[PDB]
Amino acid sequence: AXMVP
Amino acid sequence: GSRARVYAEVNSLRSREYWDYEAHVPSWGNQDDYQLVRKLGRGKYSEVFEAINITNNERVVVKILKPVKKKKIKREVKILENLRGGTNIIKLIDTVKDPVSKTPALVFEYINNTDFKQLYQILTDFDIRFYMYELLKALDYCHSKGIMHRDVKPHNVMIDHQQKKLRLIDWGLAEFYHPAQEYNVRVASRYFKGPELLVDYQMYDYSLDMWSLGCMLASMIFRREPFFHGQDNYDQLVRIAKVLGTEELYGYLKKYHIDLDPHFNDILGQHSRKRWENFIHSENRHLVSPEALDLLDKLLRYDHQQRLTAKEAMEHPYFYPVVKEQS
Ligand SMILES: O=C(O)c1cccnc1
Ligand SMILES: [Cl-]
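Protein sequence lines correspond, in order, to chains A and B.
Everything in the first sequence is counted per the numbering used here, starting at 37 for the first residue and increasing by one.
Everything in the second sequence is counted per the numbering used here, starting at 23 for the first residue and increasing by one.
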């Protein structure tokens, strides 16, 4: 979550 | 009618582009520079997270702008860009968008703040002077830039009490001041709403923020947070009238020809103005001085035009110990 996850 | 006593023409003397936020075209960064770490407790509709800036390993705050209509996204972004660099104003680092959902997000510097409910109970006299002075710097700055914050309250004043850093945050309600414009009165938290908002007077200005600041000063020096603790917006005005008195309230309404909601006729009653010294008691005495009361009396006035400006407040004797140490 932006950059994974 | 009514006009700001200071900074009235700031926006008129700038370019249309400065204040015409509906025309602002945000510039989107790379959402992938940021990795969310934890959700922060900011309120019932907020989506705010601590995140890592993977490019410099910096901790940042990400605010996902979901509940808002697009014009208010542009307003907040443009205001933060206009205030970039300002004293004690939270620093906007980036504006990014999810590529798929298109949800925008604002990226801010991270402040290691102390929760106000725990902080305010340990402040000393000098600490209150210091942080109020720092907050005034932020308000003088934004007002000088033609902007009213409109949501000054403890939750929006982040204090890192170890580094003695203060930031005024959450510019989502802020607006540009234009002479003679009528503004939405549904701004501010109930306890920090100025009388102008409670009686539906729309031609307000930067002085709204000075009411809110006075409410914070009173709450700090008297150890009574919030100071005016109403149960709804109508009772909020009653709580104020029980301190400031009703005669000055009716005088204010008469002077500005204010249309008074008739349900106030039933509830306001008749109240004398109380002297500020009467709110001193054994557990706040070490925070209260005659200079503090003299300042407070010049901030918590019904008549928004008679309140001190941020700069006038900074010149008050209450702040002499702070100014002297900043030398
Ligand atoms: O809403 C903001 O401006 C905000 C919220 C938390 C931390 N920093 C800024
Ligand atoms: Cl109260």
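Beta carbons: idealized from backbone N, C-alpha and C, even for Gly.
In this structure, ligand 2 has no non-hydrogen atom nearer than 7 Å to the beta-carbon of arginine 295/B. Residues whose Cβ lies closer than 6 Å to any heavy atom of ligand 2, listed in chain order: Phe250/B, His251/B, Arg261/B.
Distances taken from the Cβ of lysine 85/B to the heavy atoms of ligand 1 include one shorter than 7 Å.
Apart from the 5 residues on each side of it in sequence, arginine 27/B sits with its Cβ closer than 7 Å to the Cβ of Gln327, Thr331 in its chain, given in chain order. DSSP, reduced to helix, strand and coil, places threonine 117/B within a strand of the structure shown.
If you ignore the 5 residues before and after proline 201/B, its C-beta comes within less than 8 Å of the C-beta of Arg25, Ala26, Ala30, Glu31, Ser34, all in its own chain and listed in chain order. Rounded to the nearest angstrom, the Cβ distance from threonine 146/B to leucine 128/B is 34 Å, too far for a contact under 8 Å. Legend: CB atoms of the stretch 35 to 57 of chain B lying less than 8 Å from CB atoms of chain A belong to residues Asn52, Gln53, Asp54, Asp55, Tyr56, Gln57.
One alpha carbon belongs to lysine 139/B, the other to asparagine 78/B, and they sit about 33 Å apart. Under DSSP, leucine 188/B shares a beta bridge with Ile181/B. Membership of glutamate 270/B in the alpha helix (DSSP H) is indicated by the continuous run 268 to 278.
Each of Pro248/B, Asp231/B, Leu195/B was checked against the Cα of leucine 87/B, and the nearest Cα belongs to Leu195/B. Taking a C-beta distance under 8 Å as the contact criterion, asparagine 134/B and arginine 189/B do not qualify as a contact pair. The alpha-carbon of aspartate 137/B is positioned some 24 Å away from that of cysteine 164/B. In chain order, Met39 make up the part of chain A whose C-beta sits under 7 Å from the C-beta of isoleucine 76/B.
When DSSP states are grouped into helix, strand and coil, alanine 196/B belongs to the coil group. With respect to the C-alpha of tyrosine 153/B, the residue from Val179/B, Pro121/B, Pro284/B, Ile191/B having the closest C-alpha is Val179/B. In the three-state reduction of the DSSP assignment, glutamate 218/B falls in the helix class. Across the structure, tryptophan 298/B and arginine 323/B are spaced so that their CA atoms are roughly 13 Å apart.
Assignment of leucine 282/B by DSSP, reduced to helix, strand and coil, places it in the coil class.
Sequence-distant Cβ neighbours of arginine 60/B in its own chain, meaning closer than 8 Å and more than five residues away, are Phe71, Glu72. Judged by beta-carbon spacing, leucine 317/B lies within the 8 Å limit of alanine 335/B, meaning their Cβ atoms are closer than that value. In the DSSP assignment, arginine 261/B forms no beta bridge with any residue.
Between the stretch 92 to 105 of chain B and the stretch 165 to 172 of chain B, the count of C-beta pairs closer than 8 Å reaches three or more; the two stretches touch. The beta carbon of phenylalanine 198/B lies closer than 7 Å to those of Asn33, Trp41, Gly168, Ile169 in the same chain, with the five residues before and after it left out. When the five nearest sequence neighbours on each side are left out, the beta carbons in the same chain lying within less than 8 Å of the beta carbon of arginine 245/B are those of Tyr142, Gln143, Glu305, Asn306, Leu309, in order along the chain. Relative to ligand 1, the beta carbon of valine 70/B is positioned inside 7 Å of a heavy atom. In the structure shown, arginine 38/B adopts helical secondary structure according to DSSP, grouped into three states. Taking all protein chains in view, the Cβ of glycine 65/B is surrounded by fewer than 16 other Cβ atoms within 10 Å, so the residue is classified as exposed.
The three-state secondary structure of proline 176/B, taken from DSSP, is helix.
The way I'd put it, the stretch 228 to 244 of chain B doesn't touch the stretch 267 to 277 of chain B; fewer than three beta-carbon pairs between them come closer than 8 Å.
For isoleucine 169/B, the beta-bridge partners assigned by DSSP are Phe198/B. Proximity of the beta carbon of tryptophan 50/B to ligand 1 is not indicated: no heavy atom of the ligand is located closer than 7 Å.
Around the C-beta of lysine 91/B, fewer than 16 other C-beta atoms lie within 10 Å, and the residue is accordingly described as exposed.
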